[PDB]
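Trainee: Please find one structure pasted underneath; my questions will follow.
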Amino acid sequence: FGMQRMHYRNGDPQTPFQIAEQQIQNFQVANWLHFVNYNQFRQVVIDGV
Amino acid sequence: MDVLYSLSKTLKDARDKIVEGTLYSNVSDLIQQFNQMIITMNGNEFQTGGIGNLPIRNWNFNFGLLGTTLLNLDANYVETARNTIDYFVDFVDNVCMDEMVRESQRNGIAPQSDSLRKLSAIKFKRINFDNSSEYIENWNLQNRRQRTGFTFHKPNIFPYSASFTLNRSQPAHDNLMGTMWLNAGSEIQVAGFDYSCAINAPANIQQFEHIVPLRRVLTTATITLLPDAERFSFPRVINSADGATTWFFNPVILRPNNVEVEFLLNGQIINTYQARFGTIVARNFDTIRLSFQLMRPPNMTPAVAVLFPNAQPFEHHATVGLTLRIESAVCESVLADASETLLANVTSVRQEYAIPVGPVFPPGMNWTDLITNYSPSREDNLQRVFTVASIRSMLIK
Amino acid sequence: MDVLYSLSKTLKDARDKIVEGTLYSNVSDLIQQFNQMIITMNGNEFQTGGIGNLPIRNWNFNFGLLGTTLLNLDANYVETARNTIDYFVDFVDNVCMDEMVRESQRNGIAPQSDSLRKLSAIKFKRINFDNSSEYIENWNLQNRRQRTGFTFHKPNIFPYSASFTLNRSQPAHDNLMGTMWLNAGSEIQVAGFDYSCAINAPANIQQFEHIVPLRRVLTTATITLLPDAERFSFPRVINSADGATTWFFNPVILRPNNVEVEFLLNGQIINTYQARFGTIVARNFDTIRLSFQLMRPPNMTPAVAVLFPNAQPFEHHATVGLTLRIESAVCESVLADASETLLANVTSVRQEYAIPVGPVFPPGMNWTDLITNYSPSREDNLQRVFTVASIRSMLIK
Amino acid sequence: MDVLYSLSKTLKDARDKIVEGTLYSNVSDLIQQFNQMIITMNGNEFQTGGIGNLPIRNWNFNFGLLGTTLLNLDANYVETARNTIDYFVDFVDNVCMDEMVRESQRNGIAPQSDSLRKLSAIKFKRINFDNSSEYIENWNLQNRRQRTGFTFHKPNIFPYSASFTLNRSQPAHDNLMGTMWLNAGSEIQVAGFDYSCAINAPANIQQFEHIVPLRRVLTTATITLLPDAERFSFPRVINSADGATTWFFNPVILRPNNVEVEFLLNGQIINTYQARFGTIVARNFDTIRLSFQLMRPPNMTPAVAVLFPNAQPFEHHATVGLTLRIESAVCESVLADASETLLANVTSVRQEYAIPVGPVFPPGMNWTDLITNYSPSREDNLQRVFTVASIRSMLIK
Ligand SMILES: [Zn+2]
């Protein structure tokens with residue numbers, strides 16, 4: 001999208017995916033970026049464990 | 001109580017903020033609170049109702065968390081959110097109707113229903129959210145004993161008291177003297193009458209006085225003070241003090257000479273107003289003293305001089321009135337007024353489910369009998385039930 | 001409609017939150033929504049106006065995004081934000097004036113202007129934001145057919161109807177009997193009069209009755225019920241029923257014996273009040289039935305006994321009144337009241353641009369003729385135009 | 001002024017949002033603003049009070065930043081937050097009481113206290129936060145000279161003016177003609193009377209007229225227009241114009257024939273209403289012209305024909321009234337009304353500390369004398385002091 005190189009400071013509380021989710025105008029690319037941003041496990045208890 | 005307001009505030013915001021197509025950053029801080037709420041409320045069972053015709057309902061919470069992975073909220077997320085929100089809204093509706101219906105003489109500020117006594121633990125303390133409404137702010141400030149203020153538009157501080165007083169009377173009831181008044185809602189209409197029009201009073205001046213004690217101390221009150229009380233200005237027949245006979249009252253209206261309106265706090269004159277009408281202000285008071293007087297007009301045209309003879313038959317009776325209407329006032333205790341509907345919600349819940357008369361509140365929730373004897377235990381019960389009514393009025397429209 | 005409220009909510013917040021010197025974390029979630037709004041609205045053209053004297057304006061959106069790189073917002077960012085906000089505020093002002101001016105008999109709840117029909121697509125659905133105001137909440141709840149409630153302070157539920165009824169009359173008009181009333185705004189003032197003062201009625205008691213049907217079902221209403229209706233308590237001359245002759249009315253006021261105020265819903269007595277004045281509550285009703293009666297006083301002083309002879313010439317006519325004032329009420333349909341200014345905004349837009357009378361609304365937006373015949377199509381049009389008026393009242397002061 | 005609202009908005013939110021057990025993401029954007037506030041306010045000293053009995057207090061700010069990282073806010077964080085918030089709330093309370101008490105004839109819109117003149121620097125500009133209340137929004141819009149609107153419920157636009165006018169009079173005072181009126185709060189009650197009941201007027205019609213000029217231009221006003229002014233409908237004795245003698249007024253009430261209510265802006269008829277009562281609307285006006293007329297009834301029953309002879313002794317005087325009550329209106333300038341308590345707060349602060357009468361405001365803050373001569377310098381002072389009163393009413397209940 002012809003954007004800046006994004007000088008990204010080491011120690012930013014947000015990962016580069018987590019600000020590419022808000023800098024980018026497209027839906028599709030940014031929708032997949034937001035799946036990756038807050039992708040995590042479900043903490044489940046099946047069969048005691 | 002704090003967690004009940006927190007449940008209702010999150011459910012209100014999650015009906016408002018979680019909509020179809022909205023951006024995730026608009027709701028990114030609400031979904032975390034709603035997930036904390038789901039995590040806290042799972043595994044717990046509740047039981048609401050059981051008094052009057054309010055039915056016993058059992059509540060079991062087994063819900064999955066909401067997703068945190070969308071960029072724009074699609075309709076799947078909105079529909080599963082609407083399901084979880086509708087179940088929690090039904091739960092908090094029945095908890096609020098279970099709490100407004102109960103009362104206690106011993107300590108009314110404590111929760112009385114089983115569900116709100118169960119929610120008052122520290123296990124449920126992580127539900128807690130912002131406390132931004134006026135009633136929950138004054139709840140949290142009076143839970144630490146600080147000064148509060150409820151802002152009322154036309155507060156119902158006066159009990160209904162329509163009566164009179166005869167300073168001069170006889171069984172003929174043809175030469176009377178004294179005051180009449182109507183105290184209703186936020187309005188005092190007073191009228192002192194003399195049948196002789198001060199024809200034998202010293203200096204042709206008859207002094208009237210009307211002292212209204214309040215039940216709670218009002219603060220920063222805007223008050224419309226007008227002369228010429230309109231209700232006591234037309235002819236009427238009135239029963240006597242013992243209710244035996246009736247007497248006739250045919251008023252002609254003089255203007256009130258030498259109006260002195262004093263606003264007493266603990267017997268000390270805080271504000272005073274001498275012959276000033278229109279809008280007045282009273283900064284701190286719990287007693288209103290109206291001191292107006294009737295002066296016989298020394299110059300009268302022949303149309304006026306036939307009204308007031310020196311002899312006994314007075315077919316036209318001199319009458320002097322005032323009107324005092326509290327438009328808005330800040331009171332530390334809870335009241336009812338013309339703006340909120342909280343008393344209406346409390347009475348609607350207590351009358352819909354056919355609730356027996358308990359130890360504290362008057363039968364039928366008579367506000368006149370509730371503000372006539374406004375005890376501090378009844379004050380605590382009224383504040384608690386009004387706070388729960390405000391919570392339910394946030395959720396249930 | 002949802003996206004129009006969303007545009008106005010973001011423009012209101014971006015006038016409020018985006019100020020000079022404020023921290024970026026205070027506005028970090030608003031700038032993303034405003035950038036989503038700019039990204040959605042670019043490339044689209046709109047056309048507002050074209051009815052009456054409302055001018056046709058063409059709208060083209062070509063704006064750059066706002067910066068997301070400041071720590072404290074400096075005045076450059078505030079000035080470019082104020083430019084973009086002023087253009088969008090002018091756009092939404094003209095869209096709201098284009099929508100409040102139009103109406104349809106067929107389906108009034110649908111958008112009528114071309115701009116709001118264009119905004120009702122899913123391309124514009126990502127504009128959407130929180131729906132927190134009362135009118136957009138009730139819009140979204142009635143778009144899914146759930147229960148709503150608008151809280152009104154003194155609602156204009158009664159059409160203006162000042163008239164009377166003669167239960168006993170003759171062309172001499174010297175021995176009359178019947179009721180008179182004033183239904184205006186939220187206030188009913190009724191007064192039954194008898195010229196004979198029940199001198200030939202059975203048990204010296206004349207029964208009066210006054211039934212007021214409502215147009216929409218009010219819920220949880222606080223009502224000030226006072227005796228002694230003040231307007232019908234002074235002498236007046238009144239035209240007859242056919243308007244031919246006039247008759248004289250010289251009232252003296254008795255108190256209302258045996259007041260029974262009933263609140264009917266579908267003919268069933270929901271609430272009843274027997275000889276209780278002051279503030280009352282009516283939880284659910286659409287008909288108000290006032291049943292007061294005039295009783296001749298059995299004991300009268302000589303000042304009273306000369307008023308009511310047994311013979312024909314009655315120079316003093318017995319009159320008994322009540323006053324019923326709905327202070328606040330929750331109604332499912334839209335109304336007008338003394339608190340909001342939405343009807344005033346609708347009439348100001350329709351009168352400023354010289355708009356022809358359409359098929360639904362009365363000529364000149366007569367609220368008396370609008371609440372006299374309050375059809376459901378007119379209800380849908382009124383709710384839609386009041387919602388758009390609330391949106392414009394958020395943006396335009 | 002902007003930073004004072006910002007201090008109060010953060011302290012209000014930090015009493016609301018920072019509670020025990022709440023999630024950190026709910027308060028993650030507020031703690032950064034509160035830390036920016038602490039960082040800005042450290043090292044600075046202030047001095048409040050020094051006029052009247054308002055005591056001189058010195059303020060020194062040396063606080064540690066809220067940087068501890070929590071997931072759920074525990075009670076340690078809540079207690080240290082409550083300490084810092086209570087000190088800042090006491091500071092902003094005394095700054096607001098120092099600003100509402102002062103005034104200037106030269107430029108009243110500027111800050112007058114030393115503390116608010118010190119807060120008006122760009123060092124304190126990073127305190128700034130959202131400006132969402134109505135008074136600070138209209139402050140920021142009038143600081144850039146754009147259109148504003150304050151929405152009032154029953155505005156006190158009319159000064160108290162109870163008087164009359166005798167178009168036909170003589171020292172006998174037995175054949176009088178003219179108007180009487182009461183302008184009070186938001187209510188005009190006018191009544192034109194003729195003693196002859198137009199028995200010698202041309203076509204038995206007497207034209208009355210009553211023109212009320214306003215001080216500020218009201219916009220989009222809902223107005224209840226009723227006939228039959230209730231206050232001027234009972235018999236009374238009234239002093240003359242020079243106050244020498246008194247004259248008697250025994251009214252019987254005809255209905256108002258040919259009511260024409262016109263709403264004038266700069267002499268141009270904006271809205272007009274011909275014989276329409278109930279709720280009316282007036283979109284833009286600063287003069288209200290009521291033109292009603294008394295018509296003698298051509299057909300009268302024998303009970304009416306004895307009231308109005310052709311000769312001189314008129315014991316029953318024809319009287320025709322109207323009532324006009326502005327329920328709600330949008331005004332560009334500040335006013336007082338029955339909804340807010342800001343004038344009550346200003347008068348309470350000025351009367352509590354025994355403040356001398358300055359150059360601008362009337363002695364004792366007489367609102368009748370303030371709206372009688374409502375100069376633009378007094379308008380600027382009143383708007384500034386009402387804005388500071390709104391800020392203190394956010395913090396102090
Ligand atoms: Zn009101």
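The chains in the structure tokens are called A, B, ... from first to last as shown; in each chain the residues are counted from 1, and the ligands are counted from 1 in the order shown.
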Residues of chain A near chain C: apply a cut-off of 10 Å, count only C-alpha atoms, and supply the list as a list in words.
Mentor: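 The complete set of qualifying residues is residues 22, 23, 25 and 26 of chain A.
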Trainee: How about saving the chosen residues, N, CA and C atoms kept, as a PDB file, in the first residue's frame?
Mentor:
ATOM      1  N   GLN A  22      -4.090  -1.691  12.526  1.00  0.00           N
ATOM      2  CA  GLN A  22      -4.735  -0.393  12.554  1.00  0.00           C
ATOM      3  C   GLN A  22      -4.180   0.599  11.543  1.00  0.00           C
ATOM      4  N   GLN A  23      -2.991   0.363  10.983  1.00  0.00           N
ATOM      5  CA  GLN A  23      -2.485   1.265   9.953  1.00  0.00           C
ATOM      6  C   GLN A  23      -3.019   0.953   8.559  1.00  0.00           C
ATOM      7  N   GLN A  25      -5.520  -0.044   5.421  1.00  0.00           N
ATOM      8  CA  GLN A  25      -6.856   0.324   4.966  1.00  0.00           C
ATOM      9  C   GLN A  25      -7.666  -0.875   4.496  1.00  0.00           C
ATOM     10  N   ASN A  26      -7.000  -1.909   3.983  1.00  0.00           N
ATOM     11  CA  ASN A  26      -7.668  -3.092   3.454  1.00  0.00           C
ATOM     12  C   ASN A  26      -8.396  -3.837   4.565  1.00  0.00           C
TER      13      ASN A  26
END
Trainee: Could the residues that lie within 12 Å of ligand 1, counting only C-alpha atoms and all ligand atoms, be listed as an MDAnalysis selection string?
Mentor: (chainID B and resid 152:155 186 325:328 337:340) or (chainID C and resid 152:155 186 326:328 337:340) or (chainID D and resid 152:155 186 325:328 337:340)
Trainee: Dump N, CA, C and O atoms for the selected residues as a short mmCIF file (atom, residue, chain, number, x, y, z; two decimals), in the first residue's frame?
Mentor:
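Saved result, result.cif, follows:
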data_model
loop_
_atom_site.label_atom_id
_atom_site.label_comp_id
_atom_site.auth_asym_id
_atom_site.auth_seq_id
_atom_site.Cartn_x
_atom_site.Cartn_y
_atom_site.Cartn_z
N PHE B 152 -33.15 17.21 42.65
CA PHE B 152 -34.54 16.94 42.34
C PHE B 152 -35.16 18.12 41.62
O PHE B 152 -34.90 19.28 41.97
N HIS B 153 -36.00 17.83 40.64
CA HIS B 153 -36.85 18.80 39.97
C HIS B 153 -38.26 18.66 40.54
O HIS B 153 -38.93 17.65 40.29
N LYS B 154 -38.71 19.69 41.27
CA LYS B 154 -39.95 19.74 42.05
C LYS B 154 -40.05 18.57 43.01
O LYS B 154 -40.82 17.63 42.77
N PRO B 155 -39.29 18.57 44.11
CA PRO B 155 -39.29 17.41 45.01
C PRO B 155 -40.56 17.33 45.84
O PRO B 155 -41.12 18.34 46.25
N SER B 186 -44.39 20.08 45.91
CA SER B 186 -43.39 21.10 46.17
C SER B 186 -44.01 22.48 46.35
O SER B 186 -43.31 23.49 46.27
N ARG B 325 -43.28 27.73 45.41
CA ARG B 325 -43.11 26.50 44.63
C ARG B 325 -41.63 26.22 44.48
O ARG B 325 -40.92 26.96 43.80
N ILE B 326 -41.16 25.14 45.10
CA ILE B 326 -39.76 24.74 45.00
C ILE B 326 -39.56 24.08 43.63
O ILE B 326 -40.05 22.98 43.39
N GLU B 327 -38.85 24.77 42.73
CA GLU B 327 -38.68 24.24 41.38
C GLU B 327 -37.64 23.13 41.35
O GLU B 327 -37.85 22.09 40.71
N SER B 328 -36.50 23.33 42.01
CA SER B 328 -35.44 22.34 42.04
C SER B 328 -34.65 22.51 43.33
O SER B 328 -34.46 23.63 43.81
N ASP B 337 -39.91 13.03 43.09
CA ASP B 337 -40.11 14.30 42.41
C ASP B 337 -40.83 14.05 41.09
O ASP B 337 -41.26 12.93 40.79
N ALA B 338 -40.95 15.10 40.30
CA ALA B 338 -41.66 15.06 39.03
C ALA B 338 -40.77 14.63 37.87
O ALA B 338 -41.27 14.49 36.75
N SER B 339 -39.48 14.39 38.11
CA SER B 339 -38.56 14.01 37.05
C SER B 339 -38.32 12.51 36.98
O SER B 339 -38.48 11.91 35.91
N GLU B 340 -37.93 11.88 38.09
CA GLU B 340 -37.63 10.46 38.07
C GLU B 340 -38.93 9.65 38.09
O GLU B 340 -40.01 10.18 38.36
N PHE C 152 -41.09 10.24 29.81
CA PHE C 152 -41.50 11.61 29.56
C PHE C 152 -41.78 12.33 30.87
O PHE C 152 -42.35 11.75 31.80
N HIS C 153 -41.39 13.60 30.92
CA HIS C 153 -41.75 14.51 31.99
C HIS C 153 -42.88 15.41 31.50
O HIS C 153 -42.66 16.25 30.62
N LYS C 154 -44.07 15.23 32.09
CA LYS C 154 -45.34 15.85 31.70
C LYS C 154 -45.65 15.59 30.23
O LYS C 154 -45.52 16.50 29.40
N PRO C 155 -46.05 14.37 29.86
CA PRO C 155 -46.26 14.07 28.43
C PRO C 155 -47.53 14.70 27.89
O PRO C 155 -48.54 14.79 28.59
N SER C 186 -50.76 17.43 29.99
CA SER C 186 -50.80 16.30 30.91
C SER C 186 -51.82 16.52 32.02
O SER C 186 -51.77 15.82 33.04
N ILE C 326 -50.38 14.41 35.23
CA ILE C 326 -49.38 13.36 35.04
C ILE C 326 -48.01 14.02 35.02
O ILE C 326 -47.66 14.72 34.07
N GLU C 327 -47.22 13.80 36.08
CA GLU C 327 -45.92 14.46 36.17
C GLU C 327 -44.89 13.78 35.28
O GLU C 327 -44.13 14.45 34.58
N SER C 328 -44.85 12.45 35.30
CA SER C 328 -43.90 11.70 34.49
C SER C 328 -44.49 10.33 34.20
O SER C 328 -45.18 9.75 35.04
N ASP C 337 -43.45 16.28 25.18
CA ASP C 337 -43.56 16.61 26.59
C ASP C 337 -42.88 17.95 26.84
O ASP C 337 -42.45 18.64 25.91
N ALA C 338 -42.77 18.31 28.11
CA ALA C 338 -42.20 19.58 28.51
C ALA C 338 -40.69 19.53 28.68
O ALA C 338 -40.08 20.56 28.97
N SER C 339 -40.07 18.37 28.50
CA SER C 339 -38.63 18.22 28.68
C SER C 339 -37.85 18.28 27.37
O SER C 339 -36.92 19.08 27.24
N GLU C 340 -38.22 17.46 26.38
CA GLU C 340 -37.49 17.44 25.13
C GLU C 340 -37.89 18.63 24.26
O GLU C 340 -38.89 19.32 24.52
N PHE D 152 -33.26 24.79 27.72
CA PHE D 152 -33.82 25.08 29.03
C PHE D 152 -35.23 24.50 29.13
O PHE D 152 -36.00 24.56 28.17
N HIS D 153 -35.54 23.96 30.30
CA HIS D 153 -36.89 23.54 30.67
C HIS D 153 -37.49 24.61 31.57
O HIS D 153 -37.04 24.78 32.71
N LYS D 154 -38.51 25.31 31.06
CA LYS D 154 -39.16 26.49 31.64
C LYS D 154 -38.14 27.57 31.97
O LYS D 154 -37.81 27.77 33.15
N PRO D 155 -37.61 28.29 30.97
CA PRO D 155 -36.55 29.27 31.25
C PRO D 155 -37.10 30.52 31.91
O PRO D 155 -38.20 30.97 31.62
N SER D 186 -41.48 31.67 33.24
CA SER D 186 -41.75 31.38 31.84
C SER D 186 -43.21 31.59 31.49
O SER D 186 -43.67 31.11 30.45
N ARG D 325 -47.26 29.71 28.47
CA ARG D 325 -46.23 29.11 29.32
C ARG D 325 -45.19 28.44 28.43
O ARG D 325 -45.50 27.45 27.77
N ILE D 326 -43.98 28.98 28.42
CA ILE D 326 -42.89 28.41 27.64
C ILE D 326 -42.38 27.18 28.38
O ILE D 326 -41.75 27.30 29.44
N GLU D 327 -42.65 25.99 27.84
CA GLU D 327 -42.26 24.76 28.52
C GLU D 327 -40.77 24.49 28.37
O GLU D 327 -40.09 24.14 29.34
N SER D 328 -40.24 24.64 27.16
CA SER D 328 -38.83 24.40 26.89
C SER D 328 -38.41 25.25 25.70
O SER D 328 -39.18 25.45 24.77
N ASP D 337 -33.46 28.36 34.84
CA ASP D 337 -34.69 27.64 34.57
C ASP D 337 -35.02 26.75 35.76
O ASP D 337 -34.36 26.80 36.80
N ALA D 338 -36.04 25.92 35.59
CA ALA D 338 -36.51 25.05 36.64
C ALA D 338 -35.79 23.71 36.67
O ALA D 338 -36.07 22.90 37.56
N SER D 339 -34.86 23.46 35.75
CA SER D 339 -34.15 22.19 35.69
C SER D 339 -32.78 22.25 36.34
O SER D 339 -32.47 21.42 37.21
N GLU D 340 -31.93 23.20 35.95
CA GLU D 340 -30.59 23.27 36.51
C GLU D 340 -30.63 23.90 37.90
O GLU D 340 -31.63 24.48 38.32
#
Trainee: For chain C versus chain B, which residues have an atom no more than 7 Å away, and what is each residue's nearest atom pair and distance in Å rounded to one decimal, using only C-alpha atoms, chain-then-number order, as a Markdown table?
Mentor:
| residue | atom | partner | partner_atom | distance |
| --- | --- | --- | --- | --- |
| C:29 | CA | B:25 | CA | 5.9 |
| C:33 | CA | B:23 | CA | 7.0 |
| C:125 | CA | B:21 | CA | 5.6 |
| C:126 | CA | B:21 | CA | 5.0 |
| C:127 | CA | B:22 | CA | 6.9 |
| C:128 | CA | B:22 | CA | 5.0 |
| C:129 | CA | B:22 | CA | 5.5 |
| C:130 | CA | B:17 | CA | 4.3 |
| C:131 | CA | B:16 | CA | 4.9 |
| C:132 | CA | B:16 | CA | 5.5 |
| C:148 | CA | B:397 | CA | 6.0 |
| C:149 | CA | B:397 | CA | 5.1 |
| C:153 | CA | B:339 | CA | 6.0 |
| C:220 | CA | B:344 | CA | 5.3 |
| C:221 | CA | B:344 | CA | 6.4 |
| C:222 | CA | B:344 | CA | 6.1 |
| C:230 | CA | B:231 | CA | 6.2 |
| C:233 | CA | B:234 | CA | 6.5 |
| C:234 | CA | B:234 | CA | 6.5 |
| C:252 | CA | B:236 | CA | 5.1 |
| C:253 | CA | B:236 | CA | 4.4 |
| C:254 | CA | B:237 | CA | 5.8 |
| C:278 | CA | B:160 | CA | 5.5 |
| C:281 | CA | B:344 | CA | 6.1 |
| C:283 | CA | B:348 | CA | 5.4 |
| C:299 | CA | B:245 | CA | 5.0 |
| C:300 | CA | B:246 | CA | 5.1 |
| C:301 | CA | B:247 | CA | 5.8 |
| C:303 | CA | B:248 | CA | 6.0 |
| C:304 | CA | B:248 | CA | 5.5 |
| C:327 | CA | B:338 | CA | 5.2 |
| C:328 | CA | B:338 | CA | 6.1 |
Trainee: Print the selection's residues with N, CA and C atoms to a file, as a short mmCIF file (atom, residue, chain, number, x, y, z; two decimals), in the first residue's frame.
Mentor:
data_model
loop_
_atom_site.label_atom_id
_atom_site.label_comp_id
_atom_site.auth_asym_id
_atom_site.auth_seq_id
_atom_site.Cartn_x
_atom_site.Cartn_y
_atom_site.Cartn_z
N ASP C 29 -8.82 5.23 20.66
CA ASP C 29 -9.89 4.40 20.13
C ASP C 29 -10.90 5.18 19.31
N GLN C 33 -11.89 4.82 14.82
CA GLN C 33 -13.26 4.85 14.30
C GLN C 33 -13.45 5.99 13.30
N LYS C 125 -21.87 -0.03 6.58
CA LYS C 125 -22.18 -0.64 7.87
C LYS C 125 -20.98 -0.62 8.81
N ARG C 126 -19.77 -0.45 8.29
CA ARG C 126 -18.58 -0.37 9.12
C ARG C 126 -18.37 1.00 9.74
N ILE C 127 -19.22 1.97 9.41
CA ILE C 127 -19.28 3.25 10.10
C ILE C 127 -19.78 3.07 11.53
N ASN C 128 -20.55 2.00 11.78
CA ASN C 128 -21.39 1.85 12.96
C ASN C 128 -20.59 1.85 14.26
N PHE C 129 -21.19 2.43 15.30
CA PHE C 129 -20.52 2.78 16.54
C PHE C 129 -21.52 2.46 17.65
N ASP C 130 -21.29 2.93 18.87
CA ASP C 130 -22.22 2.58 19.95
C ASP C 130 -23.54 3.33 19.79
N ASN C 131 -24.62 2.68 20.22
CA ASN C 131 -25.96 3.24 20.14
C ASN C 131 -26.46 3.45 21.56
N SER C 132 -26.09 4.58 22.16
CA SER C 132 -26.29 4.78 23.59
C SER C 132 -27.41 5.74 23.95
N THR C 148 -40.12 -1.46 24.49
CA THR C 148 -39.42 -0.20 24.70
C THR C 148 -40.19 0.69 25.67
N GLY C 149 -39.50 1.72 26.13
CA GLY C 149 -40.11 2.72 26.96
C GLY C 149 -39.42 4.06 26.83
N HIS C 153 -41.39 13.60 30.92
CA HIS C 153 -41.75 14.51 31.99
C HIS C 153 -42.88 15.41 31.50
N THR C 220 -46.31 3.13 34.46
CA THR C 220 -45.61 3.64 35.64
C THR C 220 -45.65 5.17 35.71
N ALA C 221 -46.85 5.70 35.86
CA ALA C 221 -47.07 7.14 35.85
C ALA C 221 -47.25 7.66 37.27
N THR C 222 -46.46 8.67 37.62
CA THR C 222 -46.66 9.43 38.84
C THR C 222 -47.62 10.57 38.53
N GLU C 230 -59.22 24.55 39.70
CA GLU C 230 -59.13 25.99 39.88
C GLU C 230 -59.72 26.77 38.72
N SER C 233 -63.87 27.48 38.78
CA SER C 233 -64.28 27.90 40.11
C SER C 233 -64.61 29.38 40.22
N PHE C 234 -64.60 30.12 39.11
CA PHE C 234 -64.97 31.52 39.08
C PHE C 234 -66.12 31.74 38.09
N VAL C 252 -70.01 28.25 43.65
CA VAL C 252 -69.42 28.10 44.97
C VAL C 252 -68.98 26.66 45.08
N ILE C 253 -67.90 26.44 45.81
CA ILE C 253 -67.14 25.21 45.71
C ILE C 253 -67.37 24.37 46.96
N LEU C 254 -67.90 23.18 46.77
CA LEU C 254 -67.89 22.18 47.82
C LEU C 254 -66.69 21.27 47.61
N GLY C 278 -53.00 13.96 46.76
CA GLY C 278 -51.55 14.05 46.77
C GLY C 278 -50.97 13.33 45.58
N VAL C 281 -49.92 6.78 42.06
CA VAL C 281 -49.19 6.06 41.03
C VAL C 281 -50.18 5.20 40.24
N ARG C 283 -49.78 2.14 37.42
CA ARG C 283 -48.71 1.33 36.86
C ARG C 283 -48.92 0.98 35.40
N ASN C 299 -75.63 20.12 57.67
CA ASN C 299 -75.59 21.18 58.66
C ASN C 299 -74.95 22.41 58.04
N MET C 300 -75.68 23.52 58.03
CA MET C 300 -75.21 24.75 57.43
C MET C 300 -75.44 25.91 58.37
N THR C 301 -74.42 26.76 58.51
CA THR C 301 -74.55 28.01 59.24
C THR C 301 -75.46 28.97 58.47
N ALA C 303 -74.85 31.77 57.18
CA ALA C 303 -74.19 32.33 56.01
C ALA C 303 -74.25 31.39 54.81
N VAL C 304 -74.43 30.09 55.04
CA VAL C 304 -74.48 29.10 53.98
C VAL C 304 -75.91 28.80 53.55
N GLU C 327 -47.22 13.80 36.08
CA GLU C 327 -45.92 14.46 36.17
C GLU C 327 -44.89 13.78 35.28
N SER C 328 -44.85 12.45 35.30
CA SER C 328 -43.90 11.70 34.49
C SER C 328 -44.49 10.33 34.20
#
Trainee: Write out as number ranges by chain the set of residues from chain A that DSSP, computed on the backbone, places in helix (DSSP H, G or I).
Mentor: A: 16-23, 28-37
Trainee: Env of residue C:334: 9 Å cut, atoms = only C-alpha atoms, seq-sep filter 2 positions within chain, self excluded. Answer as a VMD selection string.
Mentor: chain C and resid 149 to 150 331 to 332 336 379 to 380 382 to 383 386
Trainee: Save the residues we just selected, N, CA and C atoms, as a short mmCIF file (atom, residue, chain, number, x, y, z; two decimals), in the first residue's frame?
Mentor:
data_model
loop_
_atom_site.label_atom_id
_atom_site.label_comp_id
_atom_site.auth_asym_id
_atom_site.auth_seq_id
_atom_site.Cartn_x
_atom_site.Cartn_y
_atom_site.Cartn_z
N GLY C 149 -39.50 1.72 26.13
CA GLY C 149 -40.11 2.72 26.96
C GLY C 149 -39.42 4.06 26.83
N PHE C 150 -40.18 5.08 26.49
CA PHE C 150 -39.72 6.45 26.49
C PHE C 150 -40.20 7.10 27.79
N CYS C 331 -43.96 5.67 28.24
CA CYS C 331 -44.85 5.28 27.15
C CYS C 331 -44.06 4.55 26.08
N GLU C 332 -44.67 3.50 25.51
CA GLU C 332 -43.97 2.71 24.50
C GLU C 332 -43.87 3.46 23.18
N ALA C 336 -44.83 13.95 22.83
CA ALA C 336 -44.16 15.20 23.14
C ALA C 336 -44.37 15.50 24.61
N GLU C 379 -47.70 7.08 13.76
CA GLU C 379 -46.79 6.73 14.86
C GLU C 379 -45.40 6.37 14.35
N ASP C 380 -45.33 5.59 13.26
CA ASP C 380 -44.04 5.20 12.69
C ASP C 380 -43.30 6.39 12.10
N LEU C 382 -43.74 9.51 13.03
CA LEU C 382 -43.38 10.39 14.13
C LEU C 382 -42.15 9.88 14.87
N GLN C 383 -42.05 8.56 15.04
CA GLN C 383 -40.89 7.99 15.71
C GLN C 383 -39.63 8.13 14.87
N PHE C 386 -38.68 11.88 14.91
CA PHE C 386 -38.14 12.23 16.22
C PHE C 386 -36.75 11.64 16.46
#
Trainee: What is the atom CA of residue D:115 to atom CA of residue D:98 distance in Å?
Mentor: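 Pair atom CA of residue D:115 / atom CA of residue D:98 returns 8.3 Å.
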Trainee: With a distance cut-off of 6 Å and only C-alpha atoms, select the neighbouring residues of stretch 198-207 of chain C, excluding the residue or stretch itself and same-chain residues fewer than 4 positions from it, and output the selection as a list in words.
Mentor: residues 293, 294, 295 and 296 of chain C
